[PDB]
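Shown here is one chain on its own, the form deposited in one PDB entry, set out as structure tokens.
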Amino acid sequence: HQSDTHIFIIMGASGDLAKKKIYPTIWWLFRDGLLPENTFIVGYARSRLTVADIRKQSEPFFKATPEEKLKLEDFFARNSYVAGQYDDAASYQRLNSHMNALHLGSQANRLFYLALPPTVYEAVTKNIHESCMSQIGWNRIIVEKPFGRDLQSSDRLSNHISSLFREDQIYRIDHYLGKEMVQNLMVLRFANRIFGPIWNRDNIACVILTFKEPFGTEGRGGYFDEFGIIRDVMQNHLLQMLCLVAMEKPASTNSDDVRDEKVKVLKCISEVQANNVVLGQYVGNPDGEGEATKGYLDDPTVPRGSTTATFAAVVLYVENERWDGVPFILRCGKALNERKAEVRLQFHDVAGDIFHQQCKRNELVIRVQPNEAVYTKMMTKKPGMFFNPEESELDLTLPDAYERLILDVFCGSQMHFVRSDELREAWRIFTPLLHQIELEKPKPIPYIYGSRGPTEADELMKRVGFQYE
């Protein structure tokens, strides 16, 4: 994918999401030439702007340097902007004409990016499929989360998008996915007989899937209330972790095979009520800071009396022979004590204790971020004149995660993007939970800003059987 021209159409160029994360990401990719050499960027938005205005409002987040001002002005040499509405065939045809009025725009692999408001996904995708299809190269679409709110809405959206594009063209992206050691966990799991056969019900006691954040929801508090942590990260990213941990032997490790194993695991998950769900929400930190002094409900853009949770702890199980009866854990949140993303595989104790109850349950952490590291906290003898062992952390282990994911979109690798049927089954899993949520509006348990999360989650892992040192 380094020869044929590509177009990275950023719908919503004036959008805050674009200007804050997408344009700086493609700048990072373009200063180092990770995108293909003949890469075009064609923004699009309602507001009538220009390339100079884009420069003026986006340079500070690009944070370029006088050393590579030349590379910067080459980066804007590939840029362009188109003005139009989101539901009008006239402006859509104008966008198509502008795209075709480039270096083989029709031949260019139009890699659409939907950074536009969530309320229009249906209409924008319908217009894109009707008018903005190039019949030469692949036309992938990047749909940003979330993909509906409950089972019925998600099914309708998925069926519409399936009737428009095929799954080879739909790319459901997840920003938080590391893709660096979510990829290394696969190698560790498959290329070992040390971890291979003990990847079953008898040996691995449980799996803890954690994704914490150090910052709250300052400013953009009006986007999280309608959605909730479950639909934001818990149902997409934590299920991605759970599926890539619980998947059976793919036997060909391709994207389709791994997603099919994900579908098999998910189809092997029974219904989940509130009995395996815990919710939590944060409030003002008494030891305040520049942004910690105000809680979630202190954000003026958040509607008063909103029961949207920012912490979700759920336990899943897989009803197949390899994973029969063995538990899995999902934990996440925002504004927690410290940024982290780990997958702790706690193994069973060896049947028959001989070190006088000193045997600690062997672990295997995959700390996706920050300071990426994989380590097995196995236990070995301490040097000296003794015999007793000590639990020791044994380390076993570069574009950023988001630009790596965009590069994977360019390459065509759909390993880490949820499938239509995978999403359908995933929503089927939590349909009772989501219906209860939208019916009764459950009240999450308050927790302190920058804490470790509600104690009910740790109690949930304890009920599962997870052992905390």
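From 1 onward, residues are counted along the sequence shown.
Just so it is clear, the following notes concern the form deposited with a small molecule bound, a form of the same protein that is not shown.
In terms of contact with the small molecule in the deposited complex, the residue from 186, 365, 206, 151 that brings a heavy atom within 4.5 Å is 365. The listed set 275, 135, 270, 371 contains one residue whose heavy atoms approach the small molecule in the deposited complex to within 4.5 Å, identified as 371. Between 354-362, 302-310, 335-343, 67-75, the stretch whose residues reach within 4.5 angstroms of the small molecule in the deposited complex through a non-hydrogen atom is 335-343. Though the partner is left out of this view, residue 256 does not reach within 4.5 Å of the small molecule in the deposited complex, counting heavy atoms only. At the 4.5 Å threshold, heavy atoms of residue 395 reach the small molecule in the deposited complex. With a 4.5 Å cutoff on heavy atoms, residue 199 does not count as touching the small molecule in the deposited complex; it lies far away. In the deposited complex, at least one heavy atom of residue 375 sits within 4.5 Å of the small molecule.
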